[PDB]
There are 2 protein chains.
Amino acid sequence: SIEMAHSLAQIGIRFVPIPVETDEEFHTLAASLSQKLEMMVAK
Amino acid sequence: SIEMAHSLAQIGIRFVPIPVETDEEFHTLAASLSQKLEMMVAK
């Protein structure tokens, strides 16, 4: 159903599905999602 | 799989699954999720 949500669950990451209204908001928030995940798995 | 994610999708809301590290962070972020949704559907 939701590729991002499923992927995070499969790899054992808990998350909160924050809603968006604006396309720019989605792209920026999605960018934030990517950035945060990279930091989480950083070594 | 993810009750929050599925519910939002079913009702036509796009969202970004932001990950958490801390239980307090999850509860606060979840609270933010609830607050934002209420504003979105407010009349």
# chains A, B, ... in the order shown; residues from 1 in each chain; ligands from 1
call {"tool": "closest_atom_pairs", "arguments": {"of": "chain A", "to": "chain B", "cutoff": "8 Å", "atoms": "only C-alpha atoms", "output": "CSV"}}
result
residue,atom,partner,partner_atom,distance
A:1,CA,B:6,CA,7.4
A:2,CA,B:5,CA,7.4
A:4,CA,B:17,CA,6.8
A:5,CA,B:17,CA,5.9
A:6,CA,B:1,CA,7.4
A:8,CA,B:19,CA,8.0
A:9,CA,B:2,CA,7.9
A:13,CA,B:19,CA,6.6
A:14,CA,B:19,CA,5.7
A:15,CA,B:19,CA,3.8
A:16,CA,B:17,CA,5.2
A:17,CA,B:17,CA,4.0
A:18,CA,B:15,CA,5.1
A:19,CA,B:15,CA,3.8
A:20,CA,B:15,CA,5.5
A:21,CA,B:14,CA,7.8
A:26,CA,B:16,CA,7.2
A:29,CA,B:16,CA,6.8
A:30,CA,B:16,CA,6.2
A:33,CA,B:18,CA,5.6
A:36,CA,B:19,CA,7.6
A:37,CA,B:19,CA,7.3
call {"tool": "select_by_dssp", "arguments": {"residues": "chain B", "states": "helix (DSSP H, G or I)", "output": "PyMOL selection string"}}
result
chain B and resi 3-10+23-41
call {"tool": "select_by_dssp", "arguments": {"residues": "chain B", "states": "strand (DSSP E)", "output": "number ranges by chain"}}
result
B: 15-19
call {"tool": "write_last_selection", "arguments": {"atoms": "N, CA and C atoms", "output": "short mmCIF file (atom, residue, chain, number, x, y, z; two decimals), in the first residue's frame"}}
result
data_model
loop_
_atom_site.label_atom_id
_atom_site.label_comp_id
_atom_site.auth_asym_id
_atom_site.auth_seq_id
_atom_site.Cartn_x
_atom_site.Cartn_y
_atom_site.Cartn_z
N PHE B 15 1.06 11.19 3.13
CA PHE B 15 1.85 11.37 4.34
C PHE B 15 3.29 10.92 4.13
N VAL B 16 4.18 11.35 5.02
CA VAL B 16 5.55 10.86 5.03
C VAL B 16 5.87 10.19 6.37
N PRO B 17 6.32 8.92 6.30
CA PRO B 17 6.58 8.11 7.49
C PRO B 17 7.89 8.48 8.17
N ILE B 18 7.84 9.47 9.05
CA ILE B 18 9.05 9.95 9.72
C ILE B 18 9.42 9.04 10.88
N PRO B 19 10.67 8.55 10.86
CA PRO B 19 11.16 7.59 11.86
C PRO B 19 11.40 8.23 13.22
#
call {"tool": "atom_distance", "arguments": {"atom1": "CA of residue 39 (chain A)", "atom2": "CA of residue 7 (chain A)"}}
result
16.7 Å
call {"tool": "decode", "arguments": {"residues": "region 12-29 of chain B", "atoms": "N, CA, C and O atoms", "output": "JSON list (two decimals), in the first residue's frame"}}
result
[["chain", "number", "residue", "atom", "x", "y", "z"],
["B", 12, "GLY", "N", -7.46, 9.01, 1.82],
["B", 12, "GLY", "CA", -7.01, 9.83, 0.71],
["B", 12, "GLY", "C", -6.00, 10.87, 1.13],
["B", 12, "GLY", "O", -5.77, 11.85, 0.42],
["B", 13, "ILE", "N", -5.39, 10.67, 2.30],
["B", 13, "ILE", "CA", -4.38, 11.59, 2.80],
["B", 13, "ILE", "C", -2.97, 11.08, 2.49],
["B", 13, "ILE", "O", -2.61, 9.96, 2.86],
["B", 14, "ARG", "N", -2.18, 11.91, 1.83],
["B", 14, "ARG", "CA", -0.77, 11.61, 1.60],
["B", 14, "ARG", "C", 0.07, 12.01, 2.81],
["B", 14, "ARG", "O", -0.18, 13.04, 3.44],
["B", 15, "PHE", "N", 1.06, 11.19, 3.13],
["B", 15, "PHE", "CA", 1.85, 11.37, 4.34],
["B", 15, "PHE", "C", 3.29, 10.92, 4.13],
["B", 15, "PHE", "O", 3.59, 10.19, 3.19],
["B", 16, "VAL", "N", 4.18, 11.35, 5.02],
["B", 16, "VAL", "CA", 5.55, 10.86, 5.03],
["B", 16, "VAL", "C", 5.87, 10.19, 6.37],
["B", 16, "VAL", "O", 5.73, 10.78, 7.44],
["B", 17, "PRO", "N", 6.32, 8.92, 6.30],
["B", 17, "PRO", "CA", 6.58, 8.11, 7.49],
["B", 17, "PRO", "C", 7.89, 8.48, 8.17],
["B", 17, "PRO", "O", 8.93, 7.87, 7.90],
["B", 18, "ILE", "N", 7.84, 9.47, 9.05],
["B", 18, "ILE", "CA", 9.05, 9.95, 9.72],
["B", 18, "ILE", "C", 9.42, 9.04, 10.88],
["B", 18, "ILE", "O", 8.63, 8.78, 11.79],
["B", 19, "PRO", "N", 10.67, 8.55, 10.86],
["B", 19, "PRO", "CA", 11.16, 7.59, 11.86],
["B", 19, "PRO", "C", 11.40, 8.23, 13.22],
["B", 19, "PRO", "O", 11.61, 9.44, 13.31],
["B", 20, "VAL", "N", 11.39, 7.41, 14.27],
["B", 20, "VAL", "CA", 11.69, 7.89, 15.61],
["B", 20, "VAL", "C", 12.78, 7.06, 16.27],
["B", 20, "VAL", "O", 13.04, 5.92, 15.86],
["B", 21, "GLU", "N", 13.42, 7.62, 17.29],
["B", 21, "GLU", "CA", 14.40, 6.88, 18.07],
["B", 21, "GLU", "C", 13.95, 6.73, 19.52],
["B", 21, "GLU", "O", 14.21, 5.72, 20.16],
["B", 22, "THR", "N", 13.26, 7.76, 20.03],
["B", 22, "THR", "CA", 12.94, 7.83, 21.44],
["B", 22, "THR", "C", 11.44, 7.67, 21.67],
["B", 22, "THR", "O", 10.62, 8.19, 20.91],
["B", 23, "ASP", "N", 11.08, 6.93, 22.72],
["B", 23, "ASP", "CA", 9.68, 6.68, 23.04],
["B", 23, "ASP", "C", 8.93, 7.99, 23.25],
["B", 23, "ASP", "O", 7.80, 8.15, 22.79],
["B", 24, "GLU", "N", 9.56, 8.93, 23.94],
["B", 24, "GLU", "CA", 8.98, 10.25, 24.14],
["B", 24, "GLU", "C", 8.81, 10.98, 22.81],
["B", 24, "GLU", "O", 7.82, 11.67, 22.59],
["B", 25, "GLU", "N", 9.78, 10.81, 21.92],
["B", 25, "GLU", "CA", 9.70, 11.39, 20.58],
["B", 25, "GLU", "C", 8.51, 10.83, 19.82],
["B", 25, "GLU", "O", 7.80, 11.56, 19.13],
["B", 26, "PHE", "N", 8.30, 9.52, 19.93],
["B", 26, "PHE", "CA", 7.19, 8.86, 19.26],
["B", 26, "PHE", "C", 5.85, 9.38, 19.77],
["B", 26, "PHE", "O", 4.95, 9.70, 18.99],
["B", 27, "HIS", "N", 5.73, 9.47, 21.09],
["B", 27, "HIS", "CA", 4.49, 9.92, 21.71],
["B", 27, "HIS", "C", 4.19, 11.37, 21.34],
["B", 27, "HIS", "O", 3.05, 11.74, 21.08],
["B", 28, "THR", "N", 5.24, 12.20, 21.33],
["B", 28, "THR", "CA", 5.09, 13.61, 20.98],
["B", 28, "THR", "C", 4.78, 13.78, 19.49],
["B", 28, "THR", "O", 3.93, 14.58, 19.11],
["B", 29, "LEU", "N", 5.49, 13.02, 18.66],
["B", 29, "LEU", "CA", 5.26, 13.06, 17.22],
["B", 29, "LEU", "C", 3.88, 12.51, 16.87],
["B", 29, "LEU", "O", 3.19, 13.05, 16.00]]
